[PDB]
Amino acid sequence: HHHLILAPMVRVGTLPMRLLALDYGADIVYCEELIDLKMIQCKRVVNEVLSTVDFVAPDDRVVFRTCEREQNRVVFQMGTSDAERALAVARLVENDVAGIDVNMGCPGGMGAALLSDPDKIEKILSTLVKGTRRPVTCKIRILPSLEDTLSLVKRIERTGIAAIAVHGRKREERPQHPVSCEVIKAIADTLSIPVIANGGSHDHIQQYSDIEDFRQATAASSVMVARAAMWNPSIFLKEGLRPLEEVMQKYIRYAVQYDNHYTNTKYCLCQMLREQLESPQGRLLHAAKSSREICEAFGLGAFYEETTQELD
């Protein structure tokens, strides 16, 4: 049995999508990238009302929210360009998450910008590996040189990281451009640690059975799914895809139970609906100025009132 992983995604990877991905059969769920500069301003707050652990910023904004359900399966992804600041964040969240990931693939010089400075990647990763009891991973995009990609990947493993997620595309290579299954394979063979294949959503993964095909084509230990999970989170379901109306109902119920900010809920729903945003329901969703108005657009107004009342 191989591992089905929810890839990190800014705005999409909040608590409601993570819980929904686990319900549909994901083994590991990554959260959206969170910048170290915001996280170092946060306090850990135990929320007895929602039964969540909250990481609250000085402006009273909840930056990260987790719960007992994802406790052993959530991977905290951070945006960092400083080893001490990275460890400060890991020490804040380590008791509430299952792993620590560092973005090395993004477009303040943190993501794919790090790929050019292997000395900085080496400093950041070793500091985290030595400083936390949690498995450290990272997520990279490939380099323009196959020699430099392979050189960097062996350098990354040497820091003592648990696994490496490989997005089989170079920085500047648009999603239009196909994924490099060959470059992921060359990496998976040369490494002793597990390699997580990533990058084949529209072109390779349209159904559950295609995930195994992509793991074979790349010779990786597991596959990480982003866009296909964003479009329909039931991509993890072995039995087949579920109707979107059904998935969206389950999405909103989680967003209300866990007091997700309505603009975030709205965003994730627009990503699922995409062409259906011109339907009367899509028009109503676009117009929604609150969580109550989102539930109204989806016949969940009764559910919202009963949850809001039971929460207050």
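Numbers for residues come from their place in the sequence shown, where the first is 1.
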_Extent of unmodelled deposited sequence, residue 145 relative to residue 144_ = none
*asked:* I need to verify one thing: averaged over C-alpha atoms only, is the B-factor higher for 4-12 or for 303-311?
replied: 303-311
_Regarding 170-178 and 193-201, which shows the higher C-alpha temperature factor on average in the entry?_
170-178
*Whose C-alpha has the highest temperature factor in the PDB entry: 101, 96, 213, 84?*
213
*asked:* Highest Cα temperature factor in the entry, among the options 188, 230, 136, 124: which one is it?
replied: 188
*Taking the values exactly as deposited, rank residue 207 by C-alpha B-factor within its chain and report the matching third: lowest, middle or highest.*
middle
*Taking the values exactly as deposited, rank residue 75 by C-alpha B-factor within its chain and report the matching third: lowest, middle or highest.*
lowest
*asked:* When the deposited Cα B-factors of this chain's modelled residues are ordered and cut into thirds, is residue 32 in the lowest, the middle or the highest one?
replied: lowest
*Among the modelled residues of its chain, does the C-alpha B-factor of residue 226 lie in the lowest, middle or highest third?*
lowest
_Test of reading the entry: by CA B factor among the chain's modelled residues, which third contains residue 275?_
highest
